[PDB]
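Asker: these chains are from a complex, not moved at all, and more is on the way:
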Amino acid sequence: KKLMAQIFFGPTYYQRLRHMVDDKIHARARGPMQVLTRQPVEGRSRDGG
């Protein structure tokens, strides 16, 4: 069915940015602890809390 509205349709230059989900997604539930403080480590890389 025809849309009751008319859409502003035309080409526009779009850039792909360095922020991709799978490079940001993180979950932790028990894992490495620091030594001094004996608290969770820091960073997605290090698998921190």
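Answerer: Cool, the structure landed. Numbering: from 1, shown residues only, chains lettered A, B, ... in the order given.

Asker: run through the residues that contact residue A:9.
Answerer: Residue A:9 sits next to no residue when contact means C-beta atoms under 8 Å, 6 or more residues apart in numbering. C-betas here are computed from N, CA, C, even on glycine.

Asker: now it: how far from residue A:1?
Answerer: Residue A:9 is 17 Å from residue A:1, where distance means C-beta to C-beta, to the nearest Å.

Asker: equivalent analysis for residue A:35, please.
Answerer: For residue A:35, the distance to residue A:1 - C-beta to C-beta - is 65 Å.

Asker: residue A:48 now?
Answerer: Residue A:48 is 52 Å from residue A:1, by C-beta to C-beta.

Asker: to the structure above, add chain B:
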Amino acid sequence: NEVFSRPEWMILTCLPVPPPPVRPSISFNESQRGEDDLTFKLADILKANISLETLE
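Answerer: One more piece, chain B, placed on the ones above:
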């Protein structure tokens, strides 16, 4: 306070040496120390103390 804090106790005579959990050695490899800053400053105190003792 005569029980918990007398003025004389603001002067240090005998110094408490905290244990490893406080100043852990970040022990890289199998043959490498990696001693804490507190562990080094404590040895400095010791050295400074030993000199004074013998000197007097």
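
Asker: near residue B:39, how many other residues are there?
Answerer: Using other C-beta atoms under 10 Å in any protein chain shown, residue B:39 has 16 other residues around it.

Asker: repeat that for the one 4 residues further on.
Answerer: Taking other C-beta under 10 Å as the criterion, the count of residues near residue B:43 is 11.

Asker: what's the separation between it and residue B:25?
Answerer: For residue B:43, the distance to residue B:25 - C-beta to C-beta - is 13 Å.

Asker: kindly report the same for residue B:2.
Answerer: Residue B:2 is 40 Å from residue B:25, by C-beta to C-beta.

Asker: what residue lies at the spatial centre of chain B?
Answerer: residue B:42 (3.6 Å; C-alpha atoms, centre = their mean).

Asker: next up, DNA strand C:
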DNA sequence: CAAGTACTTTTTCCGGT
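Answerer: Once DNA strand C is put in with the chains from before, the structure reads:
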């Protein structure tokens, strides 16, 4: 005595010199 000085808490949570 005052000016000009240092410190300080100076927004939060998420790649690697």
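
Asker: the neighbour count of residue B:39 again, this time with DNA strand C added?
Answerer: Neighbours of residue B:39 using other C-beta under 10 Å come to 16.

Asker: which residues touch the nearest residue to it once chain neighbours are set aside?
Answerer: If the residues on either side of it in the chain are set aside, residue B:39 comes closest to residue B:23, at 4.8 Å by C-beta to C-beta, 6 or more residues apart in numbering or on different chains. Counting by C-beta atoms under 8 Å, 6 or more residues apart in numbering or on different chains, residue B:23 makes contact with B:35, B:36, B:37, B:38, B:39, B:42.

Asker: how close does the residue nearest to the fourth one when sequence neighbours are not counted sit to residue A:14?
Answerer: Taking C-beta to C-beta, 6+ apart, and ignoring the residues beside it in sequence, residue B:38 has residue B:23 as its nearest neighbour in space, at 3.8 Å. Distance of residue B:23 to residue A:14, computed by C-beta to C-beta: 55 Å.

Asker: kind regards, and thank you for your time.
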